[PDB]
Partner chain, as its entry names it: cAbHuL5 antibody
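A single chain, nothing else alongside it, follows as structure tokens in the form deposited without its partner chain.
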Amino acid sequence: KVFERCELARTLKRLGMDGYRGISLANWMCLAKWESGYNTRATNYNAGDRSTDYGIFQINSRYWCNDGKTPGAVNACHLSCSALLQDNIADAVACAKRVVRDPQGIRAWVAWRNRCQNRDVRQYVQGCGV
């Protein structure tokens, strides 16, 4: 599914993302926006290293979820990458929380550095009731 902006904001808030390990909801919104356009079903193959990015946060198979087909990979979220292509984003949120328990936090995603870091991200949550 492709979430509408405010629907997603509220969905993430219910799932405990607001301020998780210091990360505001608007940061999570900015991440989802630029990773996937708020689209849960997106996959992107990285021909360079044979990994794939999955779902609304474009979580990578090398480190985070198992797809069977990524060489040398591990699965720190202990999920099938299939779990990250559901309309229901509970598993994707749990895995995003796992990512940001590591030292880099939200810097783990390069798109966040490029598109969100050091920016005014207030617009992502404007009017959403969050």
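Take the two forms, superpose them, and find the largest set of C-alpha atoms that agree within 1.5 Å; that set is the rigid core. Positions refer to the first chain, counted from 1.
The stretch that moves more in 4 other deposited structures of this protein, judged by CA deviation after a rigid core superposition and choosing between 89-97 and 40-48, is 40-48. Higher mean CA temperature factor between 41-49 and 57-65: 41-49, per the PDB entry. 70-78 and 91-99 differ in mean CA B-factor, and the higher of the two is recorded for 70-78. Highest C-alpha temperature factor among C116, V110, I23, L12 per the entry: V110. Out of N27, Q86, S36, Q104, it is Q104 whose C-alpha atom has the highest B-factor in the PDB entry. For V130, the recorded CA B-factor ranks within the highest third of the chain. Only modelled residues enter the ranking.
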